[PDB]
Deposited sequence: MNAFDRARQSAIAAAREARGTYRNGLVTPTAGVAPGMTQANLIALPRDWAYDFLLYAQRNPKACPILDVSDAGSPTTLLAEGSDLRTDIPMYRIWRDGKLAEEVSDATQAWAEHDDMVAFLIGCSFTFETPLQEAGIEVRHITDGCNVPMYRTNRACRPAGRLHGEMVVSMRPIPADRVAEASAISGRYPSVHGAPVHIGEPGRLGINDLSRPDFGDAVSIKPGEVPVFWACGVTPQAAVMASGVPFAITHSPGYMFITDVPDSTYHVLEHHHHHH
């Protein structure tokens, strides 16, 4: 029921609020999970525009007011604690990981939280068609790669797109792309190298997976694209989630 799924959602982030640290992959089936990036209002203008200029890579689910946390995607939730793990960035480099972001969030009083993602998940219908999601078939975090595809810059922000990949068997590629395209369309199909990915076994983010010799790698734009921007643009201070440790919202 829709009522129970929401319960499991309030349940899950309730635990993370209590310090629990575990991947959110398949934590509350049927519940929209989002990526995060919080910036001081000043840099938030750069990212809002970065998001309006690259909606495929940074589709916004919500933007908190300057005095966050709290988001309409989860009534009563606190963005500073309800995420398993946060990546605290300083001067364009990851400075530390933490289970609670309350302190880091205090460094600025006009922090702006951006919840990034899409309420539509193509993974469900794929598995429905009998395709299989390699990383799910395992207790895995989908592998993700920083490509050579430059995003449209905005303000002081600029950077490459980050993609997640799932091996699709040769004869299901066409319908795999069509199913997920029914914004959700794959950005690339095939040759990893054409994306500046020189070794699929070493993903910049997430866990690597195996690809049966008859499988074709397919790539989709994902919400960690913002993290690549933080690193290529030297943003003084930003707070994002740690890949694989997302914010489970109340939206199915």
* To do: Write out the missing regions of the deposited sequence in sequence order, one range per stretch.
  => 1-6, 189-192, 263-276
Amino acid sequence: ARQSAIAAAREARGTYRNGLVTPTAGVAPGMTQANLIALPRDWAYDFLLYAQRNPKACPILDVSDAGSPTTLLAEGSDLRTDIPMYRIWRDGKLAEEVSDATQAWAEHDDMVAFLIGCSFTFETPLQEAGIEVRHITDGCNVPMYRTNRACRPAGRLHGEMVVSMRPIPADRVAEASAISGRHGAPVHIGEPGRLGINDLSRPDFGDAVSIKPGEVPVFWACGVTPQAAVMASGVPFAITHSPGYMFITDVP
From here on, numbers count along this sequence of modelled residues.
* Determine, for stretches 144-152 and 85-93, which one has the higher mean CA B-factor as deposited. => 85-93
* Stretch with the higher entry mean CA B-factor, where the candidates are 229-237 and 17-25 -> 17-25
* According to the deposited entry, which of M111, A176, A104, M161 has the largest Cα B-factor? -> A104
* Structure fact -> When the entry's CA B-factors for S201, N54, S64, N35 are compared, the highest one belongs to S201
* Position of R166 among the chain's modelled residues by C-alpha B-factor, lowest, middle or highest third -> lowest
* Would the CA B-factor of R194 place it in the lowest, middle or highest third of its chain? -> middle
* **Ranked C-alpha temperature factor of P217 among modelled chain residues, by third** => lowest
* **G30 - Cα temperature factor, lowest/middle/highest third of chain** => highest
* Structure fact -> Of the three thirds of Cα B-factor ranks in this chain, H188 occupies the lowest
